[PDB]
Amino acid sequence: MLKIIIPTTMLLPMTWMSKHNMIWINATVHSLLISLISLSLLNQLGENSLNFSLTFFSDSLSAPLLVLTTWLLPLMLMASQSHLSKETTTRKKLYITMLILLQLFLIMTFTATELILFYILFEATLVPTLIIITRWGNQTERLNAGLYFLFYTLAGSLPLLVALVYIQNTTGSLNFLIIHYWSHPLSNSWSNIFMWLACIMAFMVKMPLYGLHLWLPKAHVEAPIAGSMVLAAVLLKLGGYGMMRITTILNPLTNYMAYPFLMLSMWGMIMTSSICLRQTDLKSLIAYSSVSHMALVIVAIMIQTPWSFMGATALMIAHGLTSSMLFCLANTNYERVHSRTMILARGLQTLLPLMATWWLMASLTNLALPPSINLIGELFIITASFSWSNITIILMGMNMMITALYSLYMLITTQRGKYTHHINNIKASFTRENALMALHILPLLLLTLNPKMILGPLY
Amino acid sequence: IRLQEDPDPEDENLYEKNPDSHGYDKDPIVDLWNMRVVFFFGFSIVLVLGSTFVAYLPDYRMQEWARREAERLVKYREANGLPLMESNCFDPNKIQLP
Amino acid sequence: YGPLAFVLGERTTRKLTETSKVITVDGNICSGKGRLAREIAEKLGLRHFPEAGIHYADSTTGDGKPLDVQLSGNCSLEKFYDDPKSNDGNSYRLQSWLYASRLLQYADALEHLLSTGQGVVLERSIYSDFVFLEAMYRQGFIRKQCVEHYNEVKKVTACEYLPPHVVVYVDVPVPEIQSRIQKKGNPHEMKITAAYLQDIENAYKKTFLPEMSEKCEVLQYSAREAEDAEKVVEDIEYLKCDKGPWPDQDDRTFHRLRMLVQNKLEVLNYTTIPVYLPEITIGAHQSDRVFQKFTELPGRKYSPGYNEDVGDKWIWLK
Amino acid sequence: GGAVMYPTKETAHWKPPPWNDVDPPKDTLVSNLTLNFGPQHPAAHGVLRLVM
Amino acid sequence: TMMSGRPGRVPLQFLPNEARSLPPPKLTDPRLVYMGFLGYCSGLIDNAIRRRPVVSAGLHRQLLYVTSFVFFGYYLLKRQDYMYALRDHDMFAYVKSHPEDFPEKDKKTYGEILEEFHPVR
Amino acid sequence: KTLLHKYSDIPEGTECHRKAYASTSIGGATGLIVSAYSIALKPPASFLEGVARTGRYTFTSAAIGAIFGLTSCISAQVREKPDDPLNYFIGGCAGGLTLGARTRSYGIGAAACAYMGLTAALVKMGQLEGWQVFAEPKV
Amino acid sequence: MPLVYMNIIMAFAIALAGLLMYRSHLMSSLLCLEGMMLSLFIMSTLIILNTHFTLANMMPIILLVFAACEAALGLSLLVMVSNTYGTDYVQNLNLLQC
Amino acid sequence: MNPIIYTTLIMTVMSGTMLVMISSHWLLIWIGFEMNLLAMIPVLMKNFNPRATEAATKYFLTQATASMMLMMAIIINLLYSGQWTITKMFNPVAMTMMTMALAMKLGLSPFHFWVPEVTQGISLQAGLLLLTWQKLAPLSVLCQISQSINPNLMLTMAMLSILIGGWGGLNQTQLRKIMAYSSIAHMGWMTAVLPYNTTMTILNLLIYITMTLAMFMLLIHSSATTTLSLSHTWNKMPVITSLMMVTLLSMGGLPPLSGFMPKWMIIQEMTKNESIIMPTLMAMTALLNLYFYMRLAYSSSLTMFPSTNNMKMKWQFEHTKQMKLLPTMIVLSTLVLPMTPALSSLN
Amino acid sequence: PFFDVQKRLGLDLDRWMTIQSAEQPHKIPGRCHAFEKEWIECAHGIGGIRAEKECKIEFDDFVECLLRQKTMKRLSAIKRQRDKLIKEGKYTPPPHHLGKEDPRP
């Protein structure tokens with residue numbers, strides 16, 4: 001894994017020692033080359049994981065996420081170029097360094113073979129994200145959003161640290177391979193119940209769960225474009241990755257303990273999709289849609305069936321791409337009109353035609369038009385839940401309908417109608433923004449042709 | 001209440017100074033080379049070369065190997081009259097029941 | 001200088017002599033104080049510090065050439081003369097910056113006196129700066145809260161330093177000062193109102209002269225008497241101010257004072273007290289812009305001696 | 001900028017601490033002892049009321 | 001506590017002579033390299049604090065930082081290895097001296113053992 | 001510690017009156033300690049005021065303890081399930097409601113019900129499962 | 001333990017309570033500190049004499065030496081407090097809070 | 001204070017601590033504590049203010065009561081055992097009294113009331129000495145007598161310390177009081193593992209000393225004693241405030257910074273002894289310290305507060321005095337996590 | 001952090017007064033020298049944990065010599081019994097105890 005890690009680390013000295021003109025160019029070029037290197041990890045032996053070393057391993061679950069992060073870094077730099085132009089060279093380099101540290105931490109989290117190291121790196125991501133949000137946000141609420149994000153995540157995580165240390169003491173090892181191979185069943189005792197809660201709750205917080213999702217809207221709304229992109233695409237997926245990894249330890253109690261979170265996620269998906277219908281801010285609407293899709297992912301993980309896990313992996317990747325693209329599309333309008341109110345900018349299809357097509361494709365993926373990977377994941381999850389209970393179809397179908405409604409309502413309001421007369425600052429879309437949208441869309445559409453890559457280990 | 005500079009006007013359009021801005025910077029040369037770097041190293045290299053690399057990635061998932069083994073097993077079992085799939089994953093004798 | 005030097009036996013008292021004195025020549029605008037101060041410094045063999053201006057710190061730092069107003073001072077005396085009651089708050093910004101400059105100059109003069117033993121002659125000082133502030137407040141140019149901020153800064157800062165031994169006040173009647181201002185012909189100065197000068201004089205005589213006379217003796221000279229610089233120097237030579245702080249001071253207090261004076265930032269620490277008066281409070285964006293501009297100024301990016309642009313060399317081994 | 005964050009009603013009146021030092025609360029803190037040295041004193045020569 | 005009262009421990013000795021039996025830390029150890037990296041970061045921070053050129057000024061000072069950190073790290077690593085080796089030595093000796101407290105367990109193959117199957121339905 | 005031994009010794013779900021008395025004694029002791037600390041740190045203007053504050057705090061604590069013990073024991077009897085933590089949860093929520101009544105605030109009552117009931121259920125679970133708040137050093 | 005040990009330990013307890021319960025003056029609390037030191041001297045001397053710990057008959061004298069050192073420190077602080085406030089009253093040590 | 005006298009007094013404080021950490025006789029340990037108090041009192045008042053005198057008086061009174069209680073405990077142990085050696089304490093009442101005295105010296109709640117007041121009254125350098133060096137001797141004595149300590153009392157004091165240090169800091173806008181409360185919380189963390197593993201207490205003490213030295217030296221460099229005064233520092237010396245933000249994050253315990261390792265190892269050691277509720281409550285309560293750390297960071301570096309015009313003069317001049325150890329202190333406080341296994345050297 | 005500088009440098013800074021059985025001026029014995037010596041010899045090199053139970057007899061004897069709690073209790077019980085018998089009138093102190101005989105030189 002050092003083939004990827006070491007170059008990512010060298011990205012920092014290059015960025016710091018690069019000329020003021022050339023920071024973005026060098027960062028983008030070398031990040032893209034690193035992403036190209038990451039594509040080698042997609043080749044996964046079916047039976048066994050790629051155990052590169054004692055510290056690091058990759059499987060059919062970690063590989064797609066690593067590729068996603070490496071891909072995301074250059075898109076994040078491209079998106080963040082515009083609003084950081086006025087910033088001084090040192091601050092721009094610090095922002096790029098925060099992004100690079102975040103990528104390094106995420107890669108090590110995904111490839112780490114020990115749960116304690118995974119915890120250290122997974123919590124470590126808070127610092128760069130917190131710094132980004134609270135230093136390069138454009139609103140007074142960036143500080144409160146940072147406090148909420150940090151404290152929600154830490155309150156979830158710390159009991160996880162206690163539980164992991166206890167597991168290390170009892171089983172004797174926190175290496176995932178040994179844990180999987182031995183994996184003695186849990187007993188239905190209050191102590192084991194609370195251990196299950198401690199293990200699950202941190203990832204339940206990271207993956208916005210209904211009742212623990214309040215941090216996500218504030219953080220995504222108040223964060224800069226790059227921070228929103230990472231939070232939606234990758235940081236949420238850390239919870240899913242950990243929950244899929246951690247579920248091995250808690251085999252039997254999961255059936256008994258799943259019902260509260262299963263019900264919360266299933267009803268919350270409807271609740272948040274309905275929330276999206278009446279939201280007045282584009283970023284907030286995108287965030288709530290993210291919440292709903294991650295609720296679908298949570299249901300898939302809790303059910304603990306192979307098809308559900310494959311759907312969860314596919315949905316994680318597809319949603320990361322789609323939500324990042326949606327945030328970037330909203331950010332372009334925000335830069336042009338300097339407001340996140342949906343009503344303020346209208347009829348943008350006439351003014352900016354190609355951005356309208358980008359919006360259409362992003363919304364279609366959001367509403368799971370087949371054969372999109374979004375639909376593949378959602379359909380697999382839906383079938384697994386149908387096996388879990390035939391009555392599940394009602395809520396899932398209602399959620400599908402509400403998702404289509406809110407996605408196309410966003411598209412109609414922002415990109416359709418008569419243009420807002422007074423707004424005169426709309427200017428022809430730059431090649432950079434269209435290139436960012438295309439870089440988002442094309443990999444998602446291409447991944448449909450070969451869907452085994454994003455279908456996870458159980459495939 | 002304070003001596004603060006007037007809010008800067010909306011950042012000057014890069015088009016005004018350079019009509020073919022391409023974005024990516026104020027200086028036109030860096031704009032062109034940034035666009036070229038992005039387009040080459042993502043579209044031409046990562047998407048096309050990377051997509052080809054994924055498409056022809058060697059089948060270490062053993063799908064064809066599994067299919068060939070299944071064909072052999074099906075032919076043998078049908079020829080010998082043995083059931084196509086045995087109900088017991090592991091041989092009963094080795095198991096010692098309580 | 002350092003605590004180690006004092007432990008070794010570097011003592012201020014030995015270097016100081018009868019010549020070692022701080023002489024402050026004060027007076028109203030265009031009172032001729034500069035001429036007498038220069039003559040006194042020359043005759044008594046004492047270093048002369050010209051009156052602190054907006055750009056004194058620029059003179060003492062870096063190239064020594066004055067920096068742009070935005071980077072250093074953000075205040076104009078000409079603006080104060082033309083528009084005394086401007087909403088910009090230029091009056092109190094000027095007054096506070098001038099007090100800061102005079103505090104720095106007093107620190108430098110004390111450092112010179114305590115390091116080399118040579119006396120220093122100053123044109124006005126931190127102790128006399130309140131005269132202009134009181135006149136501004138009386139004339140309505142500045143608000144009461146600005147006066148309170150000035151009082152807080154002076155109270156925190158001025159106490160540390162030792163007052164001057166000899167105070168020389170050159171007294172010129174205000175109408176003659178008006179005629180002098182007309183003769184000099186500076187357009188902005190001509191706008192000075194008679195009441196403002198009268199309040200300057202009132203502050204001096206009613207408050208400064210009595211308070212200074214309490215500590216030591218003050219030599220008050222009329223304009224004709226001031227012209228005879230030799231007689232003034234002789235008067236100074238025959239003063240005996242046994243009362244006052246300096247005879248009380250010993251080597252320990254001198255060590256403390258020299259340590260304070262050497263560290264200019266410590267000298268100016270409380271000039272930046274976090275009192276958010278609109279006149280002197282600078283917003284975050286303007287502050288960032290101005291600080292970036294100051295950093296880009298040649299020779300200011302790095303610590304002195306490490307700026308390659310201005311010709312510094314051997315930085316790698318320096 | 002207050003002395004305490006989340007101030008209460010009583011604390012709100014309380015001022016923040018001084019930047020350098022606290023003001024000297026010198027108010028008749030020292031009252032010199034007053035003595036009638038004479039007249040009866042042996043050293044007062046009998047008719048001197050020296051108020052010291 | 002623990003190793004503090006180990007018999008034969010000379011007071012205020014960083015490395016006992018017994019440690020010399022253990023292999024010395026390799027000068028290319030990743031831990032020592034990280035200590036040198038810490039020294040380099042210390043030099044950079046010193047330059048930043050004194051407002052000197054961060055990466056070019058004071059190469060002698062940065063060299064001294066790196067050398068001091070590596071020099072102390074070598075001995076720190078040696079002592080850490082010695083302490084862990086002492087722990088392992090004592091643990092194995094105690095296991096040997098108390099066979100009853102650490103009994104060998106009969107090894108049963110998974111065929112013999114019965115583990116209940118909980119269906120994921 | 002004798003009061004804690006008194007509360008523990010009575011079998012759960014039995015002798016509800018004695019259990020309530022033990023809980024009341026524990027609440028009174030805790031209230032007395034809190035009153036002492038309040039009197040020291042925040043001085044009372046008069047001896048009568050100090051007595052009033054002590055009485056108020058002690059009665060609130062004793063009422064909380066008595067309600068908790070009475071409700072928990074009665075629930076254990078009626079449900080007939082002695083070791084269930086839900087009985088302790090019900091007792092704790094009743095204690096929180098009593099605290100809200102004494103403070104004459106609904107919000108205090110509801111927050112106290114939630115937190116105190118959960119804490120009491122956790123305490124019962126610790127009894128059942130042998131959880132150690134303070135662990136003897138064993139390494 | 002004989003009853004004299006009881007009385008001396010009771011004296012220490014009383015002095016500790018006195019010191020911890022201030023009233024107005026600081027001198028009284030410094031006197032309670034000195035009383036605690038006297039009680040400690042008496043206890044140590046009684047123990048060392050009853051147990052014939054010969055080389056420990058000097059420990060009370062060192063205890064007294066450091067007790068007097070502490071007393072000197074207390075008085076030197078009280079003098080400054082009185083100078084700055086005019087009284088030794090403890091209520092004037094109120095500038096620092098929390 | 002003449003610098004020779006100051007050097008002598010500081011050496012006397014350090015020598016008292018060394019006597020505490022070098023003596024096998026209870027009398028000499030108590031003598032070391034007394035010498036520490038005698039030397040420290042003048043040091044706290046090096047700058048003469050009424051606040052300095054008030055802080056010195058409060059400190060003297062509290063430490064004198066602690067010393068008298070410690071001597072009574074020593075005498076009782078002598079009465080019931082006849083031994084002067086620092087070892088297991090053979091009388092439980094003496095052990096309780098000694099624990100109370102040593103906690104009062106360390107400022108462990110419910111004996112914490114003096115720490116914030118003393119810290120606020122004294123200067124930043126005297127505060128650094130008070131909150132880093134003074135902690136060493138009582139912790140050393142507790143480590144030597146850890147076996148005799150009743151775990152319940154020490155753990156109760158530690159938990160109360162954590163809670164109170166977290167709560168009080170939330171309400172503070174004065175940097176010195178904030179540091180005092182954070183010191184209370186971290187000391188509560190250190191004493192929690194004293195019954196279980198002393199090496200963990202030593203490791204936490206070292207990390208805490210490094211972080212507190214870095215923080216106090218940064219504040220001295222910025223000459224800030226209030227949050228607003230620290231707010232201006234971004235205009236003059238941004239690097240200082242950025243490093244302060246990093247050090248604050250380490251103090252909060254956030255991974256991957258070095259502040260994480262002490263909490264991590266304390267939790268591990270407590271869990272090994274079956275302590276699960278106590279570590280969970282301690283870790284959760286640490287979030288409040290994180291909260292006020294983050295508020296300070298927001299004021300100092302993450303957000304740019306309004307400055308004043310006179311700062312333009314300060315831009316021209318440069319800091320005269322250099323604290324040599326500050327960069328290494330920052331690096332150790334923030335970037336030492338990858339080197340935790342080296343916690344067997346002090347072992 | 002007990003840096004045993006004394007043991008490292010062979011300096012007896014304070015260990016001479018640590019125990020009552022150590023050398024004392026003019027070889028003046030302690031009131032419990034024998035018990036202290038026995039207890040120290042028993043608990044030497046076996047560690048505190050072991051010594052707390054394997055030398056408990058020695059330590060109890062040392063404590064009894066130091067405080068005389070058991071001896072005082074027995075003497076008090078004997079005196080109480082003697083006083084009760086005197087009250088009952090069934091006991092009479094011997095003349096030598098009453099002072100009617102010259103004690104042995």
# chains A, B, ... in the order shown; residues from 1 in each chain; ligands from 1
$ residues_around --residues "segment 69-75 of chain E" --least-positions-apart "6" --cutoff "12 Å" --atoms "only C-alpha atoms" --output "ChimeraX atom specification"
/E:14-16,19-20,24-43,62-63,81-82 /H:328,331-332,336,339,342,345
$ write_last_selection --atoms "C-alpha atoms" --output "PDB file, in the first residue's frame"
ATOM      1  CA  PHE E  14      19.576   3.712  31.486  1.00  0.00           C
ATOM      2  CA  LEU E  15      20.907   0.531  29.847  1.00  0.00           C
ATOM      3  CA  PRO E  16      22.082  -2.463  31.905  1.00  0.00           C
ATOM      4  CA  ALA E  19      21.018  -5.419  27.211  1.00  0.00           C
ATOM      5  CA  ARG E  20      24.193  -5.743  25.137  1.00  0.00           C
ATOM      6  CA  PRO E  24      21.421  -3.144  18.618  1.00  0.00           C
ATOM      7  CA  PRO E  25      18.761  -1.069  16.857  1.00  0.00           C
ATOM      8  CA  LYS E  26      19.591  -0.716  13.184  1.00  0.00           C
ATOM      9  CA  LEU E  27      20.563   2.791  12.139  1.00  0.00           C
ATOM     10  CA  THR E  28      17.950   2.495   9.366  1.00  0.00           C
ATOM     11  CA  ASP E  29      15.166   1.675  11.823  1.00  0.00           C
ATOM     12  CA  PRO E  30      11.882   3.395  10.900  1.00  0.00           C
ATOM     13  CA  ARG E  31      11.511   4.619  14.487  1.00  0.00           C
ATOM     14  CA  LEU E  32      14.910   6.326  14.425  1.00  0.00           C
ATOM     15  CA  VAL E  33      14.084   7.837  11.031  1.00  0.00           C
ATOM     16  CA  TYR E  34      10.877   9.211  12.547  1.00  0.00           C
ATOM     17  CA  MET E  35      12.903  10.688  15.406  1.00  0.00           C
ATOM     18  CA  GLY E  36      15.089  12.409  12.820  1.00  0.00           C
ATOM     19  CA  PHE E  37      11.946  13.662  11.098  1.00  0.00           C
ATOM     20  CA  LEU E  38      10.827  15.109  14.428  1.00  0.00           C
ATOM     21  CA  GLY E  39      14.173  16.873  14.684  1.00  0.00           C
ATOM     22  CA  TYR E  40      13.747  18.329  11.201  1.00  0.00           C
ATOM     23  CA  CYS E  41      10.256  19.549  12.083  1.00  0.00           C
ATOM     24  CA  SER E  42      11.730  21.105  15.224  1.00  0.00           C
ATOM     25  CA  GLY E  43      14.268  23.001  13.142  1.00  0.00           C
ATOM     26  CA  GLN E  62      18.684  21.923  11.644  1.00  0.00           C
ATOM     27  CA  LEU E  63      21.560  19.454  11.408  1.00  0.00           C
ATOM     28  CA  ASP E  81      13.757  -3.161  23.322  1.00  0.00           C
ATOM     29  CA  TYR E  82      15.637  -4.169  26.464  1.00  0.00           C
TER      30      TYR E  82
ATOM     31  CA  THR H 328      11.011  20.835  20.511  1.00  0.00           C
ATOM     32  CA  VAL H 331       6.963  18.859  18.295  1.00  0.00           C
ATOM     33  CA  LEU H 332       6.924  16.472  21.256  1.00  0.00           C
ATOM     34  CA  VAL H 336       5.017  11.846  19.410  1.00  0.00           C
ATOM     35  CA  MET H 339       6.431   6.482  19.162  1.00  0.00           C
ATOM     36  CA  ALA H 342       8.797   3.694  23.814  1.00  0.00           C
ATOM     37  CA  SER H 345      11.981   3.398  28.900  1.00  0.00           C
TER      38      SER H 345
END
$ closest_atom_pairs --of "chain D" --to "chain C" --cutoff "10 Å" --atoms "only C-alpha atoms" --output "JSON lines"
{"residue": "D:1", "atom": "CA", "partner": "C:274", "partner_atom": "CA", "distance": 8.6}
{"residue": "D:18", "atom": "CA", "partner": "C:156", "partner_atom": "CA", "distance": 9.1}
{"residue": "D:19", "atom": "CA", "partner": "C:156", "partner_atom": "CA", "distance": 7.4}
{"residue": "D:20", "atom": "CA", "partner": "C:156", "partner_atom": "CA", "distance": 6.0}
{"residue": "D:21", "atom": "CA", "partner": "C:156", "partner_atom": "CA", "distance": 7.9}
$ write_last_selection --atoms "N, CA, C and O atoms" --output "PDB file, in the first residue's frame"
ATOM      1  N   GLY D   1     -15.097  39.151  25.927  1.00  0.00           N
ATOM      2  CA  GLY D   1     -14.341  40.170  26.615  1.00  0.00           C
ATOM      3  C   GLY D   1     -14.698  40.400  28.063  1.00  0.00           C
ATOM      4  O   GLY D   1     -14.097  41.269  28.703  1.00  0.00           O
ATOM      5  N   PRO D  18      -7.617  44.089  35.907  1.00  0.00           N
ATOM      6  CA  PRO D  18      -6.755  45.095  35.284  1.00  0.00           C
ATOM      7  C   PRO D  18      -5.703  44.449  34.395  1.00  0.00           C
ATOM      8  O   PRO D  18      -5.292  43.311  34.621  1.00  0.00           O
ATOM      9  N   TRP D  19      -5.273  45.186  33.371  1.00  0.00           N
ATOM     10  CA  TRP D  19      -4.274  44.648  32.454  1.00  0.00           C
ATOM     11  C   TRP D  19      -2.927  44.462  33.140  1.00  0.00           C
ATOM     12  O   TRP D  19      -2.339  43.376  33.077  1.00  0.00           O
ATOM     13  N   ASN D  20      -2.427  45.494  33.827  1.00  0.00           N
ATOM     14  CA  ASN D  20      -1.106  45.414  34.426  1.00  0.00           C
ATOM     15  C   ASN D  20      -1.254  45.121  35.908  1.00  0.00           C
ATOM     16  O   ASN D  20      -0.918  44.008  36.352  1.00  0.00           O
ATOM     17  N   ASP D  21      -1.824  46.028  36.706  1.00  0.00           N
ATOM     18  CA  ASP D  21      -1.887  45.883  38.157  1.00  0.00           C
ATOM     19  C   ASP D  21      -3.193  46.450  38.703  1.00  0.00           C
ATOM     20  O   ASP D  21      -3.872  47.243  38.047  1.00  0.00           O
TER      21      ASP D  21
END
$ interface_residues --of "chain F" --to "chain H" --cutoff "8 Å" --atoms "only C-alpha atoms" --output "ChimeraX atom specification"
/F:132-139
$ residues_around --residues "residue 5 of chain E" --least-positions-apart "4" --cutoff "9 Å" --atoms "only C-alpha atoms" --output "PDB file with N, CA and C atoms, in the first residue's frame"
ATOM      1  N   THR E   1       6.079   0.356  40.313  1.00  0.00           N
ATOM      2  CA  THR E   1       5.205  -0.795  40.122  1.00  0.00           C
ATOM      3  C   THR E   1       5.752  -1.669  38.998  1.00  0.00           C
ATOM      4  N   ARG E   9      18.151  -4.825  39.812  1.00  0.00           N
ATOM      5  CA  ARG E   9      18.073  -3.605  39.021  1.00  0.00           C
ATOM      6  C   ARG E   9      18.924  -2.516  39.662  1.00  0.00           C
TER       7      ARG E   9
ATOM      8  N   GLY I  47      10.173  -9.271  48.787  1.00  0.00           N
ATOM      9  CA  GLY I  47       9.170  -8.361  48.260  1.00  0.00           C
ATOM     10  C   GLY I  47       8.100  -8.031  49.281  1.00  0.00           C
TER      11      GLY I  47
END
$ atom_distance --atom1 "atom CA of residue 242 of chain C" --atom2 "atom CA of residue 40 of chain C"
21.5 Å
$ residues_around --residues "segment 53-69 of chain B" --least-positions-apart "5" --cutoff "7 Å" --atoms "only C-alpha atoms" --output "count of residues only"
4
$ interface_residues --of "chain H" --to "chain C" --cutoff "12 Å" --atoms "only C-alpha atoms" --output "PyMOL selection string"
chain H and resi 1-7+47+220-238+303-322
$ interface_residues --of "chain C" --to "chain E" --cutoff "7 Å" --atoms "only C-alpha atoms" --output "compact mmCIF listing (two decimals) with N, CA and C atoms, in the first residue's frame"
# COMPACT_ATOMS: atom_id res chain seq x y z
N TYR C 302 11.19 38.67 6.65
CA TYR C 302 11.85 37.85 7.66
C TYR C 302 12.52 38.75 8.69
N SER C 303 13.05 38.11 9.73
CA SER C 303 13.73 38.85 10.78
C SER C 303 14.93 39.59 10.19
N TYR C 306 18.00 38.38 7.69
CA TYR C 306 17.65 37.18 6.96
C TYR C 306 16.87 37.46 5.68
N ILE C 315 22.52 33.29 4.63
CA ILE C 315 21.35 32.93 5.42
C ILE C 315 21.41 31.46 5.83
N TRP C 316 21.91 30.60 4.94
CA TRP C 316 21.94 29.17 5.23
C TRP C 316 22.78 28.88 6.47
N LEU C 317 23.89 29.60 6.64
CA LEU C 317 24.73 29.44 7.82
C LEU C 317 24.53 30.54 8.85
N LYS C 318 23.59 31.45 8.63
CA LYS C 318 23.35 32.54 9.58
C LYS C 318 22.27 32.16 10.58
$ closest_residue --among "H:164, H:335, H:184, H:102" --to "residue 256 of chain H" --atoms "only C-alpha atoms"
H:335
$ residues_around --residues "residue 28 of chain I" --least-positions-apart "3" --cutoff "9 Å" --atoms "only C-alpha atoms" --output "PDB file with N, CA, C and O atoms, in the first residue's frame"
ATOM      1  N   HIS G  52      12.099   4.508  72.655  1.00  0.00           N
ATOM      2  CA  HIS G  52      13.549   4.596  72.810  1.00  0.00           C
ATOM      3  C   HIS G  52      14.251   4.607  71.457  1.00  0.00           C
ATOM      4  O   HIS G  52      15.321   4.021  71.280  1.00  0.00           O
ATOM      5  N   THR G  54      16.454   6.298  69.760  1.00  0.00           N
ATOM      6  CA  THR G  54      17.402   7.331  70.168  1.00  0.00           C
ATOM      7  C   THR G  54      17.723   8.277  69.018  1.00  0.00           C
ATOM      8  O   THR G  54      17.703   9.500  69.184  1.00  0.00           O
TER       9      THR G  54
ATOM     10  N   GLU I  23      22.414   1.209  63.758  1.00  0.00           N
ATOM     11  CA  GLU I  23      23.411   1.664  64.715  1.00  0.00           C
ATOM     12  C   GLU I  23      22.969   2.974  65.349  1.00  0.00           C
ATOM     13  O   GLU I  23      22.521   3.893  64.658  1.00  0.00           O
ATOM     14  N   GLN I  24      23.093   3.057  66.665  1.00  0.00           N
ATOM     15  CA  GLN I  24      22.731   4.237  67.431  1.00  0.00           C
ATOM     16  C   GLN I  24      23.877   4.614  68.351  1.00  0.00           C
ATOM     17  O   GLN I  24      24.721   3.774  68.683  1.00  0.00           O
ATOM     18  N   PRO I  25      23.942   5.873  68.777  1.00  0.00           N
ATOM     19  CA  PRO I  25      25.094   6.320  69.565  1.00  0.00           C
ATOM     20  C   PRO I  25      25.262   5.488  70.826  1.00  0.00           C
ATOM     21  O   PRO I  25      24.296   5.181  71.527  1.00  0.00           O
TER      22      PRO I  25
END
$ closest_residue --among "H:87, H:132, H:174, H:8" --to "chain G" --atoms "only C-alpha atoms"
H:174
$ decode --residues "segment 8-15 of chain D" --atoms "N, CA and C atoms" --output "PDB file, in the first residue's frame"
ATOM      1  N   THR D   8     -23.447  35.780  35.144  1.00  0.00           N
ATOM      2  CA  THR D   8     -24.709  35.909  35.851  1.00  0.00           C
ATOM      3  C   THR D   8     -25.020  37.387  36.076  1.00  0.00           C
ATOM      4  N   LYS D   9     -26.179  37.663  36.680  1.00  0.00           N
ATOM      5  CA  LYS D   9     -26.579  39.051  36.892  1.00  0.00           C
ATOM      6  C   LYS D   9     -25.599  39.775  37.806  1.00  0.00           C
ATOM      7  N   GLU D  10     -25.205  39.132  38.909  1.00  0.00           N
ATOM      8  CA  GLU D  10     -24.287  39.773  39.843  1.00  0.00           C
ATOM      9  C   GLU D  10     -22.898  39.925  39.235  1.00  0.00           C
ATOM     10  N   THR D  11     -22.405  38.880  38.567  1.00  0.00           N
ATOM     11  CA  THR D  11     -21.079  38.942  37.965  1.00  0.00           C
ATOM     12  C   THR D  11     -21.021  39.963  36.838  1.00  0.00           C
ATOM     13  N   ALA D  12     -22.151  40.209  36.169  1.00  0.00           N
ATOM     14  CA  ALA D  12     -22.155  41.144  35.051  1.00  0.00           C
ATOM     15  C   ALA D  12     -21.700  42.529  35.489  1.00  0.00           C
ATOM     16  N   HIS D  13     -22.093  42.949  36.691  1.00  0.00           N
ATOM     17  CA  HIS D  13     -21.634  44.234  37.205  1.00  0.00           C
ATOM     18  C   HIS D  13     -20.129  44.225  37.436  1.00  0.00           C
ATOM     19  N   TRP D  14     -19.591  43.102  37.909  1.00  0.00           N
ATOM     20  CA  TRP D  14     -18.170  43.014  38.217  1.00  0.00           C
ATOM     21  C   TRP D  14     -17.328  43.313  36.984  1.00  0.00           C
ATOM     22  N   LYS D  15     -16.308  44.146  37.167  1.00  0.00           N
ATOM     23  CA  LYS D  15     -15.423  44.556  36.092  1.00  0.00           C
ATOM     24  C   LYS D  15     -14.366  43.495  35.804  1.00  0.00           C
TER      25      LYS D  15
END
